[PDB]
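Just the one chain here, the form deposited in one PDB entry, laid out as structure tokens.
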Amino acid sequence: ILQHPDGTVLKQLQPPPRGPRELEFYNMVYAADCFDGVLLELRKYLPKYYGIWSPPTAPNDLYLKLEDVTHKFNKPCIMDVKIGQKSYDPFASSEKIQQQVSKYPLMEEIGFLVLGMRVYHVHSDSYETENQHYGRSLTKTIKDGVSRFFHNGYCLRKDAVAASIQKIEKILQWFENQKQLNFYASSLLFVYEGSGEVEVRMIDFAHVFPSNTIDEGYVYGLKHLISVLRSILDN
């Protein structure tokens, strides 16, 4: 992820097959001729897509040019949350499944994993950063683990918590009204202002597949994340 001063990000395509699949996803959704009602609504929850980009002298070096969802913030507080019961996709090998489940064996139980957060503290005029190991350490501590993101401005930011719930609810509504796509190892990016208040966007589409059914695992995760955020409002 290269943050570009024009309010876009450049995401380098992952190695195959993951990078190509993500390019394919954005191309399907943001097709110039697409009038699929489901996919039209889905665009609302994605970063805007500006097509494939490569350096003038390096056509090999493929990027997606995406909206920087943090652009409109002064001191953005950012959290990435992987959603779903399974982080492996429907065509993973036994080896590959074991790799993925071992990273977070509570994924089935909890249905989401905090990949990281950056939290601005007014207090000290500085950022607090948590990495992959933070979220992977949370057990059924998850409430306190998520709460940490919302400690800003000499308070618990229940405004940002409530905003996040309302925006996730829209994404949840989309997932309850579609059975065309299932999403594995994809994330929600949360942004609020740490200095019309919150951003929640779906990101990371290297394991999105056509489907016949509700994405039950994703829905479980969204529902559970909402339930946790809901409980934080009672703090």
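Here, rigid core means the biggest group of C-alpha atoms that superpose within 1.5 Å across both forms. Residue numbers here begin at 1 and follow the sequence given.
Below: the form deposited in another entry, not depicted.
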Can you tell which residue in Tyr26, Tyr63, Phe175, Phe183 has its CA shifted by 2 Å or more between the shown form and the other one when the core is superposed?
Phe175
Core-aligned C-alpha movement of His151 between the shown form and the other one reaching 2 Å:
no
After a core superposition, would you say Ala160 shifts its C-alpha by at least 2 Å between the shown form and the other one?
yes
Do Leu115 and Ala160 have their C-alpha atoms closer or farther apart in that other deposited form than here, with the shift being 3 angstroms or more?
farther
Relative to what we see here, could you say if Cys155 and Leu229 have their Cα atoms closer or farther apart in that other deposited form, with a change of 3 Å or more?
farther
